[PDB]
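See structure below.
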Amino acid sequence: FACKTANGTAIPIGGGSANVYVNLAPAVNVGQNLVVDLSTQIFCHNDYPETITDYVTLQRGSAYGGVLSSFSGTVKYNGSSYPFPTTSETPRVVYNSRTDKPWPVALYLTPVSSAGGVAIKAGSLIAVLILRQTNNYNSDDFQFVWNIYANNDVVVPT
Ligand SMILES: [Ca+2]
């Protein structure tokens, strides 16, 4: 089992970490949603699907930078909603193919009233999402750590 981002970089068998650079709406009003869809960015596959079933969860999701200070939100994992930052592990998603399949994570972040001017700086760390992978075959229990960085500034008008 292994994963990769749309702009190249990979995390190998056994887990590890990688940076993901995401384009964000340049402006979002208080009470409107900023959507960070990682299904277009993070892909995973099963290396031996004839024999093994891989199980994948969102173990933990946390906010950093401007998202931590100026936004509240939820995370959608495989169509279901959870508070973000997370306090519980999600149900699993099954990976049973060599073909790259999206990791179905999306963040829904709404600016709080207090926000104004530049809320998210370009290049800043905005989230860490931990993908946890197990299987039906042995004791493998791996973390794939995705560090999410903003490609551009996000302005929240006062
Ligand atoms: Ca592949």
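Descriptive notes on the structure:
- Sparse-neighbourhood loop sites, chymotrypsin sites (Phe, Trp or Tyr not before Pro) in region 98-158 - DSSP loop, at most 12 other Cβ within 10 angstrom: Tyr137
- Between the alpha-carbon centres of region 13-27 and region 88-116 there is a gap of 12 Å.
- For region 59-112: relative contact order, % (alpha-carbon pairs under 8 angstrom, 6 or more apart): 47 percent
All Cβ positions, even for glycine, are placed from backbone atoms using ideal geometry, and neighbour counts span all protein chains on display. Throughout, read-outs are computed from the coordinates displayed, never taken from laboratory work.
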